[PDB]
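Peer 1: Quick check, what structure comes out for this input:
(chains A, B, C, D, E, F, G, H and I)
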Amino acid sequence: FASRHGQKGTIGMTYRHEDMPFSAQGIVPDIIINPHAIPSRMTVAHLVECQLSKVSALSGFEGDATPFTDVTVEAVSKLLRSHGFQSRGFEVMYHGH
Amino acid sequence: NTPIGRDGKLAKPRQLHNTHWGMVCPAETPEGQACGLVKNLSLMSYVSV
Amino acid sequence: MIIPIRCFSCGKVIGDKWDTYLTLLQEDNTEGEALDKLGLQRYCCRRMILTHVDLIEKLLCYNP
Amino acid sequence: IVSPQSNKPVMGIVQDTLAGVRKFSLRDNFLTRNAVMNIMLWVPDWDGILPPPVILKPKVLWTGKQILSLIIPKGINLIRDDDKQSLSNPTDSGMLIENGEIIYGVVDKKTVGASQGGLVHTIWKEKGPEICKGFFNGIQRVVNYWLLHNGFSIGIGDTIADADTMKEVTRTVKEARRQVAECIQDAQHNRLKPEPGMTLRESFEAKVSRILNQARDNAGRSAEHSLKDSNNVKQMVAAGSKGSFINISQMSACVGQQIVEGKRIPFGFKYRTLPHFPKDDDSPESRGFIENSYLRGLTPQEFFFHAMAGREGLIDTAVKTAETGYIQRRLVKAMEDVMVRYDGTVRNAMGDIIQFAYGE
Amino acid sequence: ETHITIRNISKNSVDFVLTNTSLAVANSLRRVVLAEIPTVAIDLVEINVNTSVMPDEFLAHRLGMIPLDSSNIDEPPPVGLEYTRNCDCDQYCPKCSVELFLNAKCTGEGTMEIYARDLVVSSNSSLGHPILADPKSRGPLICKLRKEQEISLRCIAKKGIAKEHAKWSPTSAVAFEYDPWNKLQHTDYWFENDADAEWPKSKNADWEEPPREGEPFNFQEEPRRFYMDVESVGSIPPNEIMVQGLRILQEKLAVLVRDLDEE
Amino acid sequence: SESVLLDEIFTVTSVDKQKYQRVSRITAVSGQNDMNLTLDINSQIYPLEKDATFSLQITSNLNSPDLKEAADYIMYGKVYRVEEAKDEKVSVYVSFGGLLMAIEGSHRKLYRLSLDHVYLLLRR
Amino acid sequence: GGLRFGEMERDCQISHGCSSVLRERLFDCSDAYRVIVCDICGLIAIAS
Amino acid sequence: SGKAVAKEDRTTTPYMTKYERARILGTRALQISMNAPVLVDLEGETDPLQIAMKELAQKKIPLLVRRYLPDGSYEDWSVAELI
Amino acid sequence: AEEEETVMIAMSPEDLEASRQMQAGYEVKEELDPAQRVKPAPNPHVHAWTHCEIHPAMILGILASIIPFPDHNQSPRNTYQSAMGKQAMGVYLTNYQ
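Peer 2: Residues are numbered from 1 along each chain as shown, chains lettered A, B, ... in the order given. Please find the structure below.
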């Protein structure tokens, strides 16, 4: 599997629902990639997309991702706590074990 | 394509030329071998009948 | 093809919650926000009815 | 685990188990008596004896170094002595182990990666593979287990430099425009000058790619020097696990200027970089050179410049994929011949001797 | 003493609060409820004719997840069937597996829309009957048809736990949050410019302290008070799940004792 | 075998508290200006402020009861490295797996040197 | 089958020094073939 | 054109080589695997090689090594001799 | 392609408006903009333009125009996804059946 940013990935394991970090809302990740596939492959778009996808949370406003627009990180962030979450994507997480 | 081909095969044309901007052809070629030998028509590209 | 039924992350049934969904975003002048009126507090699965493609009306018309 | 190519190790702790070591070899990380226990079930060859606690005060606590130094053999010494280091600590700086127990500084790539006098190197080589072979099993098992319940990750926030301290970034960038202004126009009055290596047009190109390159470092160096030490991606780097100073500066500060065959974005067509520019626009505001990072981030008139610089190391990676192989076979096909004869000498197929030692 | 302090309830979820208990037990209850809680679900279809658009393979997987009534379950013989694996009968028998039917045809020319309603159990008031999450509807959607596209399916349900396939757990998710401020600092919040300023207080945050001081922070303190919130699918009433949670969690501790005091 | 090795009062003049959550290195200075001491110590459980006063002890045992009860902070770590500079005098650097020690005073005290770990004891 | 044992590949046994692995993965695990040679003019015989 | 060398005036290294160990253990393996006279109290093994290794440790294994020199001469070494 | 040489295109209308205001001296207002694509301001000489580009986002592959936030990656990553995208999976034609 790979996203739309050239994060060629392969499945390594299949954890059942309990094991996975059920947190805290509390949902469970459908898949989870590793943080070392970021800084070196500089692919800050993968990030942005995820902060924005989220924001089609309590909105459903299909969030446009148009190549060159005024839309900024600092912009979407404000739109975040706007729904009660962290203006930066993050969240606290509870271990499955 | 880009016949050719059998006349290198080091750089030229492969490399991206300023000229491409527009009918770009952005960055969407095969991984290695035939890099930048294949290209795709932009969204606005119009070819001369 | 047709709603997934049962969201991908939780279990929250979504087979029931579409014949009724579509009858708001195009039939009640309420927002994408209107689904909130269907018990969709989590992300989560609620991106299920939302990110969905009705691929059967446009497939069903091939009659043998 | 140690090729003679370099008489240095070729495998070492890397990726998550490595990022983990740092974030756990810190003397900020204590272990609750609650486990400890749990994590003691990897070693995998356990004394059976539970390590004597380092803290007997109100709660009983174990330092992260303690239980780590457990999975290192008994009786290997190291005096790493990094840069600045004093009779003091002074601040977890350096590294030093004794009877198979650390006591000093912090574990990172510096020591559990294929380093020269590397810890991996040092038990190999005393006392041969295994418990040597177990070393990778212990740390790569203990730590993974620690990390499982320590959690670690990165989001955008880890990429967005301080708002105040970002004003000062954009200041030292636009403050290097003036340093080109005093070059684009001052070398139209023949007051360069040039030399050596030539030429005059080139020794101009030089005094710019120099200012643009150095001017960037300042923006990036400040962007990092203003990021909490505990900022994901910055710690992922300190560890060594993945990525580097130039990865952070490009993500949160600027990016350009990008190159190509040893010369900033080339002209052609005509006397101009592109059709959104005058002519003779020997300025960065056009010729390959971005001011923003993958956050704002890139501007059209820029986006392309970047993609076409990208497609160079994108074919230069298409070569090393084949050529590198061609040159390999050359050597082999002329050295298969040689080998060390039981006499203590290396000789040809035909017996024609090429060395009188085993390698001098 | 107490142990639980419920707030709101509904028909699909049960918000409440644990009191005098430990972290372990909390989680170990979260888990229990999400996995090993016997339920009915369909786990075998035989197709006769199907000229619809959903393939047979695609129906099985879909007809599966559709919830069914379970209620009591762990109370044989009737009003509850024991796993079809360890049954006193052979192969498959109604004494340990409930039969379901689906004979959908077409009498129209416009378009058909077959829901969970059209199925047919047997009349053994098990149950049994699926569910109708929808408000005065007919149940979760199954498949669409045009002209003559009748399908004929034989479905029989067995007994199973999430572990065996996510199909069974009658439980959506769970929403716990022990220590909502940051007493025990079981977490290092990422700043980015000012700590207690970026992270949102939680609705469940208004039930505690310890702001002010600088005590300094305690440590003899263990995590107690857990704000859970169980939500069911609609397969079996909203706990139910919880109630039946410990019943097969105590009995999981027992297994142990008995395998150590007998010998 | 009562082998006490420290019975002197110290005081705090500086505390960091340098981008570490827990742990904090403190400074002593007592007696005739020529004492000074410095160590890392969990600032989560047992914080210390200026003019903290109150002595400390070390030893290596073990059996006593009062000493065990007294104080509200106890540690345990080898010494490894005890050199001498600037008018004889001894300086000892003991490590408690990460958390580090430093003292500057001549023979008496000296019953130390021995590296056989230490057990540090703090009473307020 | 089968797989493929490149020139590249073989040059690596030689580095380690495995006469026997090498011989095994080229003259046994692929073409195990035996023939009978005349001692004067080394050629295929009328063997049975 | 061989020449043979004096079991009394041996030149080469008294120690057993990285490669030899590998060849000997390889050789006895096949031998024992071929039902052969095992020369040390059978510890209770199964693996025709893991057994040969039991032998090597006790230097109670037959086989000798002829080390051809460039000259064309050779030397014979006994497993019990080697190191 | 050969007609470009003799032409002078603009990037965004905003740039054209700024140039028109300068032709008579008009404030720039650079102390009001927030996190965004820092353009090259103001405008080097160039008294009047000739054409202006429709939108810089039509300068894209057919398969690369599907990638969130294209202008934001490291470039090399951009080249990917497109070539791999073709290897994606999904419905290719309403009438595959």
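Peer 1: just to confirm, which helix or strand has residue E:63 in it?
Peer 2: helix E:56-65 (DSSP states H and E).
Peer 1: For the host helix or strand of residue D:340, name the packing helices and strands.
Peer 2: Using DSSP H and E, residue D:340 maps to strand D:339-341. The helices and strands touching strand D:339-341, judged by 3 or more C-beta pairs under 8 Å, 6 or more residues apart in numbering or on different chains; DSSP states H and E, are strand D:345-347. Heads up, the C-betas are built off the backbone N, CA and C, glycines and all.
Peer 1: about what we covered before: for the helix holding residue E:63, output the C-alpha coordinates as PDB.
Peer 2: Extracted in PDB, the C-alpha atoms of helix E:56-65 (Å, rounded to 0.1, in the frame of the first residue of the first chain):
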ATOM      1  CA  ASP E  56     -21.700 -14.400  -4.200                       C
ATOM      2  CA  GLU E  57     -18.300 -13.700  -2.400                       C
ATOM      3  CA  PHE E  58     -19.300 -10.100  -2.000                       C
ATOM      4  CA  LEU E  59     -22.700 -11.000  -0.400                       C
ATOM      5  CA  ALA E  60     -21.400 -13.500   2.100                       C
ATOM      6  CA  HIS E  61     -19.100 -10.800   3.600                       C
ATOM      7  CA  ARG E  62     -21.900  -8.300   3.600                       C
ATOM      8  CA  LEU E  63     -24.700 -10.600   4.800                       C
ATOM      9  CA  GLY E  64     -22.300 -11.400   7.600                       C
ATOM     10  CA  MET E  65     -21.800  -8.100   9.300                       C
END
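Peer 1: So which bits of that helix are buried?
Peer 2: Of the residues in helix E:56-65, E:59-60, E:62-65 count as buried by neighbour count, 16 or more other C-beta atoms under 10 Å in any protein chain shown.
Peer 1: again with stretch A:9-20
Peer 2: A:17-18, A:20.
Peer 1: and it with chain I, contact?
Peer 2: No. Residues of stretch A:9-20 contacting chain I under C-beta under 8 Å from any C-beta of the partner chain: none, with a closest distance of 11.2 Å.
Peer 1: that older thread, out of the buried residues of stretch A:9-20, who's nearest residue C:24?
Peer 2: residue A:17 (30.7 Å; C-beta to C-beta).
Peer 1: ok, back up a step: using JSON lines, lay out the buried residues of helix E:56-65 together with distance to residue I:93.
Peer 2: Shown next, in JSON lines, are these (distance: C-beta to C-beta, whole Å):
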{"residue": "E:59", "distance to residue I:93": "22"}
{"residue": "E:60", "distance to residue I:93": "25"}
{"residue": "E:62", "distance to residue I:93": "23"}
{"residue": "E:63", "distance to residue I:93": "27"}
{"residue": "E:64", "distance to residue I:93": "28"}
{"residue": "E:65", "distance to residue I:93": "28"}
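Peer 1: Return only those of those found close to chain C.
Peer 2: Within the buried residues of helix E:56-65, those near chain C by C-beta under 8 Å from any C-beta are E:62, E:65.
Peer 1: wait, residue E:142 sits on residue C:15?
Peer 2: Yes. Assessed by C-beta atoms under 8 Å, residue E:142 is found in contact with residue C:15 at 7.5 Å.
Peer 1: okay, now residue A:87: neighbour count?
Peer 2: 20 (other C-beta atoms under 10 Å in any protein chain shown).
Peer 1: From residue C:39, how far out is it?
Peer 2: To residue C:39, residue A:87 is 26 Å away according to C-beta to C-beta, to the nearest Å.
Peer 1: one step back: who touches both of residue E:142 and residue C:15?
Peer 2: Common contacts of residue E:142 and residue C:15 (C-beta atoms under 8 Å, 6 or more residues apart in numbering or on different chains): E:66, E:116.
Peer 1: re the thing from before, so which elements touch the helix holding residue E:63?
Peer 2: Packing partners of helix E:56-65 (3+ C-beta pairs under 8 Å, 6+ apart): strand E:39-50, strand E:141-145, strand E:151-160.
Peer 1: Single out the most deeply packed of these.
Peer 2: strand E:141-145 (a mean of 22; mean count of other C-beta atoms under 10 Å in any protein chain shown).
Peer 1: Run the angle between it and helix E:56-65 for me.
Peer 2: Calculated by axes from the mean of the first three to the mean of the last three C-alpha atoms, to 10 degrees, strand E:141-145 forms an angle of 150 degrees with helix E:56-65.
Peer 1: is strand E:141-145 up against chain I anywhere?
Peer 2: No. Contact of strand E:141-145 with chain I is not found when judged by C-beta under 8 Å from any C-beta; the minimum separation is 13.6 Å.
Peer 1: Say whether chain C is contacted by that strand.
Peer 2: Yes. Strand E:141-145 reaches chain C (C-beta under 8 Å from any C-beta) through E:141-145.
Peer 1: so residue D:204 makes contact with residue D:193?
Peer 2: No. Using C-beta under 8 Å, residue D:204 makes no contact with residue D:193, being 9.6 Å away.
Peer 1: Between the two, tell me which one has more neighbours.
Peer 2: The residue with more neighbours, out of residue D:204 and residue D:193, is residue D:204; 18 against 9, by other C-beta under 10 Å.
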